[PDB]
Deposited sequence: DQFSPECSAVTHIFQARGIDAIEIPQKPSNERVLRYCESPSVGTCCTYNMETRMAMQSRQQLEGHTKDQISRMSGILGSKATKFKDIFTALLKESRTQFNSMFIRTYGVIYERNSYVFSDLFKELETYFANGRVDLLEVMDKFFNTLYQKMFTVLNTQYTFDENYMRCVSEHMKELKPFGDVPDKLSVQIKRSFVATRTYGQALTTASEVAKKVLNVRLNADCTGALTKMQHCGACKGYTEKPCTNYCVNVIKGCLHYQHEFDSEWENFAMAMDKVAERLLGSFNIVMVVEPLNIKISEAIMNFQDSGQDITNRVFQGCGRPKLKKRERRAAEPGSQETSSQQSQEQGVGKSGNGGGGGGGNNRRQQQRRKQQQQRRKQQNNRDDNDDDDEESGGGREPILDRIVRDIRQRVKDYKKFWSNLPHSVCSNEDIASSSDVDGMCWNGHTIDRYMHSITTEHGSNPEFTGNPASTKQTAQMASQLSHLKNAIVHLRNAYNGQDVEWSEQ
């Protein structure tokens, strides 16, 4: 033997802080990029939603005049629900849209039929028949489903990014100590200058970070679910195509009532009687989430390739293998190491469930 007992104990602290150091570095930078981009995304969306509110109001004062001004609260209350949802997620978007178009129809029926008089009992009959008569055509039905799908998927995209960044921060083991020093510093113990075999170093580091094994496979499902949601956000659930021309979609529902106002009244009378910045940010995050899919499994390979360890290949047999200067005679482990959190997993598993519901156009309770 070429080392003492306390030389080995000194090399046990040096080997520990090298791996713990490199890991904490990679984790904090990834968690940093993910968290900062979550905030940027949430910012670009609130900006787009405030732009839509201002443009909606300006268009409506200009096109509808005092009919709009008198009832502006109906439209301003709608923007508040959409704002609150993105902030809280508590609002039921389909109920809100149903109520809005119901209120819009009652106000508009009364306005047109100034000539006639309607009490509380009459107007209740008018609302009961609304979905049977289709006053705004198929807009309320189609628009409400678009709002729900795009708002749910947009909010979940930002939330899942926040909780990924958060859960990575909480990841920040006795058997490792023995295998780590024996790999890094004990070649020299037998009077050797040869660097450790790469596959040896990889197996050792996989055993050290065996605690991130459950977590790594779930990070992969997370990246796969985050990629499907980004695909829907750029595609079929595109929120810019919903929010930006929202004033045009609502004016077109209004004109649908005006153009058939005569027809509507007759049917009632029988019943009762007398490139966008958010698209750029999604495309960007999407790529970074794709490049981070195998972040956890690449950690042993990242550690071994560094100037710090500078591990050598097996191919020539000129490396430290745990016994001598020879070829490391073990294959890399997959799915029992030859060289040898539950909350974070659940917080990540729940995010995946929420991303799945968002990509399926289903409800998210988060």
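According to the record, C-alpha coordinates are lacking for deposited residues 1-43, 216-219, 322-397, 459-460, 466-477, 504-506.
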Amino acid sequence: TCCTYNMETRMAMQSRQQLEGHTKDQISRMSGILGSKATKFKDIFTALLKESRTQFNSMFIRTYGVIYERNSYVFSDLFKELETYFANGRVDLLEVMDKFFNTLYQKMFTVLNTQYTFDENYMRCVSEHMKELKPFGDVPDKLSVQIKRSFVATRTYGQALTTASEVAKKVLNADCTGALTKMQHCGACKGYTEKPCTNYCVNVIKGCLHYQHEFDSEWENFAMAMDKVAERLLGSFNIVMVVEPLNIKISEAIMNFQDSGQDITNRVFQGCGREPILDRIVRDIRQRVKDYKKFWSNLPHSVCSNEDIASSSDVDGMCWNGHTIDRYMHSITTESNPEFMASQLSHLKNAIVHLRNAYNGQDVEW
From here on, numbers count along this sequence of modelled residues.
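Of the two segments, 116-124 and 158-166, the one listed with the higher mean B-factor is 116-124 (C-alpha atoms only). When 240-248 is weighed against 132-140, 132-140 comes out higher, by mean CA B-factor as recorded in the entry. Highest CA B-factor among the listed residues (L180, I277, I285, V152): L180. When the Cα B-factors of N199, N71, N173, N88 are read from the PDB record, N173 comes out highest.
Annotation for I352: C-alpha temperature factor in the lowest third relative to the rest of the modelled chain, per the entry.
Per the deposited record, the Cα B-factor of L345 falls in the middle third when ranked against the other modelled residues of its chain. Split the chain's modelled residues into thirds by C-alpha temperature factor. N203 is in the middle one.
In the PDB entry, a CA B factor belonging to the middle third of its chain's modelled residues is recorded for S217. When the CA B factors of the chain's modelled residues are split into thirds, the value for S313 lands in the middle one.
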